[PDB]
Amino acid sequence: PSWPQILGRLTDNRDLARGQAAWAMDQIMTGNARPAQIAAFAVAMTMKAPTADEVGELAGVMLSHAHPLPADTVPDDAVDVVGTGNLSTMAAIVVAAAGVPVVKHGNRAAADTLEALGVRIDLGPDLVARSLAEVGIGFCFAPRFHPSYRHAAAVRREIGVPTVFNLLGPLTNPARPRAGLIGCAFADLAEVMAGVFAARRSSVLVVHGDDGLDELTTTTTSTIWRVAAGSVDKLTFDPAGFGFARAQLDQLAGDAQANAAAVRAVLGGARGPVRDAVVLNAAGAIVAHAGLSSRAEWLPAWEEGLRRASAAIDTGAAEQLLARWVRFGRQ
Amino acid sequence: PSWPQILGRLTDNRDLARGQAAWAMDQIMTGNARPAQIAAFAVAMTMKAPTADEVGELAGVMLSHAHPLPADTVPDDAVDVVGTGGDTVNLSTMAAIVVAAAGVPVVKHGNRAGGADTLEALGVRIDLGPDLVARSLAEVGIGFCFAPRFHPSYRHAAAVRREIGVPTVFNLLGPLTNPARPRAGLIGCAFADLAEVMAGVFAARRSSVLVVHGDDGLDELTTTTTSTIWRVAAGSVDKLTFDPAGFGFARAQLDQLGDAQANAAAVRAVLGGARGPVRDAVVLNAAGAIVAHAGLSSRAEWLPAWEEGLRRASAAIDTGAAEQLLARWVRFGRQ
Ligand SMILES: O=C(O)c1ccccc1Nc1ccc(OCCCCCP(=O)(O)O)cc1C(=O)O
Ligand SMILES: O=C(O)c1ccccc1Nc1ccc(OCCCCCP(=O)(O)O)cc1C(=O)O
């Protein structure tokens with residue numbers, strides 16, 4: 001195993017042999033990888049087009065180096081709501097208010113919204129565990145939990161272009177949720193992620209908006225990879241089938257203060273395209289959550305998930321869970 | 001112009017816009033490119049498959065950053081003999097000595113790893129400044145440009161090469177950035193599509209060059225099989241198939257063609273008159289460079305040019321002129 005061997009293989013457009021991706025990630029996590037080698041690998045793998053086995057090794061090794069949460073502090077039915085690259089933050093809160101444990105994993109952009117809302121996002125494992133137990137939701141700040149990734153994070157900024165590493169966020173949640181709604185901006189890489197979750201024995205909905213969104217929207221149809229029990233089902237999803245009005249991407253589009261205001265409005269009951277998108281993804285995460293204890297029918301599962309997501313807002317539960325989340329950090 | 005744009009375009013398998021490659025390389029040549037950005041650029045363009053225009057822009061920038069030789073020290077008809085590397089430093093090194101001994105000025109360009117290593121094993125002083133390389137050309141008829149000495153600004157790229165350790169588009173720059181700027185030569189490449197790219201760059205320069213690709217992976221004309229030759233001259237490129245058998249050369253084996261000291265011994269044997277596959281390959285490539293040299297001042301017929309090139313190359317060995325030139329080369333550095 002060497003960088004010449006692995007990189008040479010990728011630049012010949014060949015899939016890696018077993019363990020090679022894992023070796024590369026280990027060199028990164030130990031700090032032995034040079035920036036040039038990280039970049040070469042990220043770019044070469046991306047242009048080659050990564051496989052689930054390769055992504056599974058990258059995410060697997062990285063996750064094993066992450067700060068774990070304390071033993072028995074994360075429910076077995078905890079879920080994630082996230083995309084690879086607004087709505088996922090809101091959806092996470094709603095799902096939590098519906099009675100589903102949610103544990104997110106994120107970073108500040110070049111998480112910011114949660115800070116603008118007064119949430120203390122940068123907490124250690126013990127307090128994230130307490131947050132999950134007392135508020136019903138927790139947030140793992142990525143730099144806090146993945147410090148060994150910092151050189152790769154720097155590389156990713158310096159090159160600026162999306163690479164295979166942009167798939168690692170949803171696959172390296174330190175709390176190791178077994179369920180969730182996972183959004184991917186590219187159909188090619190969406191199926192790859194579904195394969196990784198499949199091997200993990202996760203129950204997730206890997207979603208890809210046919211408009212290029214990394215989450216279920218009301219702008220157009222979406223492709224969903226239904227992952228459960230090690231199997232993947234590819235489906236098409238039309239929100240219109242659930243009486244949702246179509247919208248434009250302009251409405252689902254700002255700064256932290258603006259995003260924070262959007263959150264309070266939606267949680268405050270404000271109707272519109274933004275709310276609809278939040279309810280869709282929240283429902284998706286709930287349907288994924290149900291996929292742990294059962295394998296119910298697609299339509300009626302979504303009917304139930306949409307009902308719970310909607311009620312979580314309209315009860316004031318979501319708005320009040322947020323308030324409790326802010327009060328938690330203050331005390 | 002920025003890295004996210006250029007790298008974005010490349011990873012999308014799109015050719016760059018005019019000027020972008022040059023911008024990228026200059027950022028690299030000025031220490032303004034992060035190692036990650038250098039590696040990302042080199043790898044991305046490699047897998048995209050570089051164009052002659054892109055490589056030409058890279059080579060143009062790198063060459064403009066290089067130290068020149070003094071004015072009026074490099075003859076107009078100086079040649080280079082080199083391969084971009086196999087997947088053959090013994091062959092090219094010997095061919096260069098033979099060509100010089102034939103009366104054709106030769107100026108080489110290489111580094112330690114290796115091209116320069118074999119010469120050091122032979123006792124040649126490789127790391128000389130412009131004025132001494134100039135003296136070597138005039139007094140010995142051959143000169144060597146030590147790549148780190150003449151391309152100091154390439155140090156950031158050179159470090160990245162080592163760290164990734166895989167061939168990239170950058171490996172094409174050597175023959176295209178010879179700081180003596182020979183207008184002719186024999187240039188080898190282990191891959192056909194990259195050979196065609198380099199031929200395109202030499203064409204744009206109006207150079208007289210044979211770009212060669214052994215159909216067995218050799219970055220030089222081989223005896224083991226046929227070769228493709230891009231005959232570059234007068235801004236145009238003829239793509240030709242080449243069979244040494246047509247000149248009476250026996251079909252050798254690749255195994256018949258590793259340390260610098262081992263290569264150094266092979267040089268002394270061949271230049272000493274030892275016959276075999278290696279001699280044949282040396283004479284072929286040397287003859288090729290002489291054909292290229294002829295293309296500077298005339299459009300000669302292909303076969304007669306080669307026959308004359310083979311005649312002179314063989315003579316340069318048989319008379320002992322090649323062996324003696326090496327000796328003078330060594331002595332020159334000792335003094
Ligand atoms: O930059 C640092 O120097 C640093 C220092 C201490 C700890 C962490 C540090 N950097 C990071 C480490 C992990 C990370 O994120 C881990 C990858 C998962 C993030 C999810 P994303 O792909 O959506 O951003 C990001 C950074 C960073 O600089 O931003
Ligand atoms: O190797 C160095 O030590 C070096 C130091 C400072 C600046 C540049 C350095 N290396 C190079 C200089 C020019 C170059 O390109 C032109 C010469 C190409 C020589 C190819 P060869 O090794 O097969 O002869 C390549 C390198 C390099 O190490 O990659």
Side-chain angles (χ1 to χ4, degrees), chain A residues 75 77-84 87-104 136-137 170-171 173 175-184 187 190-191 193-198 200-210 214-219 221-244 266 275-292 294 296 298 300-302 304-315 317-318 321:
Chain A
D77 69 330
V79 314
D80 199 356
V81 192
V82 66
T84 55
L87 311 170
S88 77
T89 300
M90 287 187 263
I93 292 166
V94 174
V95 172
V100 176
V102 173
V103 54
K104 269 195 70 61
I137 186 168
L171 290 167
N173 189 322
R176 303 164 193 269
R178 298 173 52 249
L181 192 297
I182 314 296
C184 193
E191 187 164 295
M193 292 187 72
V196 181
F197 285 114
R200 287 184 179 191
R201 311 299 294 181
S202 299
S203 171
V204 305
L205 304 187
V206 185
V207 302
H208 170 55
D210 294 329
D214 67 331
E215 43 204 335
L216 298 179
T217 65
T218 58
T219 305
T221 59
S222 300
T223 305
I224 303 178
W225 286 262
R226 185 183 183 183
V227 189
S231 298
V232 184
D233 287 321
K234 181 177 138 184
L235 305 170
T236 317
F237 186 84
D238 186 23
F242 301 99
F244 287 100
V266 174
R275 174 199 162 96
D276 292 10
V278 170
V279 171
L280 277 177
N281 291 280
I286 292 168
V287 171
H289 171 266
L292 281 296
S294 176
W298 183 244
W302 266 96
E304 179 64 10
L306 286 165
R307 186 181 67 78
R308 292 180 62 187
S310 300
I313 298 176
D314 301 334
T315 50
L321 181 140

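Quick note on labels: first sequence line is chain A, next is B, and so on, each numbered from 1.
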Checklist entry - Roughly how far apart are A/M193 CE and A/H208 NE2, rounded to 0.5 Å? => result 12.5 Å

Next on the checklist: Whether the side chain of A/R226 engages the backbone of A/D233 through a donor-acceptor N/O pair (distance < 3.5 Å, no angle test) should be reported.
Outcome noted: no

Checklist entry - Would you say the side chain of A/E304 lies within less than 4.5 Å of the side chain of A/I286, judging by non-hydrogen atoms? => result no

Checklist entry - How long is the gap from CZ on A/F237 to CH2 on A/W298, to the nearest 0.5 Å? => result 7.0 Å

Checklist entry - Are A/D210 and A/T221 linked by a side-chain donor-acceptor pair shorter than 3.5 Å? => result yes

Item to check | Backbone N/O of A/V204 and side chain of A/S202: donor-acceptor pair under 3.5 Å | outcome: no

Next on the checklist: With heavy-atom distances below 4.5 Å as the criterion, would you say the side chains of A/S88 and A/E215 are in contact?
Outcome noted: yes

Next on the checklist: Using a 3.5 Å distance criterion without hydrogens, assess whether the side chain of A/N281 forms a donor-acceptor pair with backbone atoms of A/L181.
Outcome noted: no

Next on the checklist: Between A/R275 and A/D314, is the salt bridge (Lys or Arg N to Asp or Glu O under 4.0 Å) condition met? List the steps.
Outcome noted: CA-CA 11 Å; A/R275 174 199 162 96; A/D314 301 334; 2.9 Å; yes

Checklist outcome for this item: In A/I224, A/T223, A/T217, A/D214, the residue satisfying side chain to side chain contact (heavy atoms under 4.5 Å, CB included) with A/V207 is A/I224

Next on the checklist: Tell me if a side-chain donor or acceptor on A/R200 pairs with a main-chain N or O of A/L171 at a distance below 3.5 Å.
Outcome noted: yes

Checklist outcome for this item: Only residue of A/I182, A/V232, A/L205 satisfying side chain to side chain contact (heavy atoms under 4.5 Å, CB included) with A/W225 is A/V232

Item to check | Positive for side chain to side chain contact (heavy atoms under 4.5 Å, CB included) with A/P170, one of A/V81, A/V82, A/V206 | outcome: A/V82

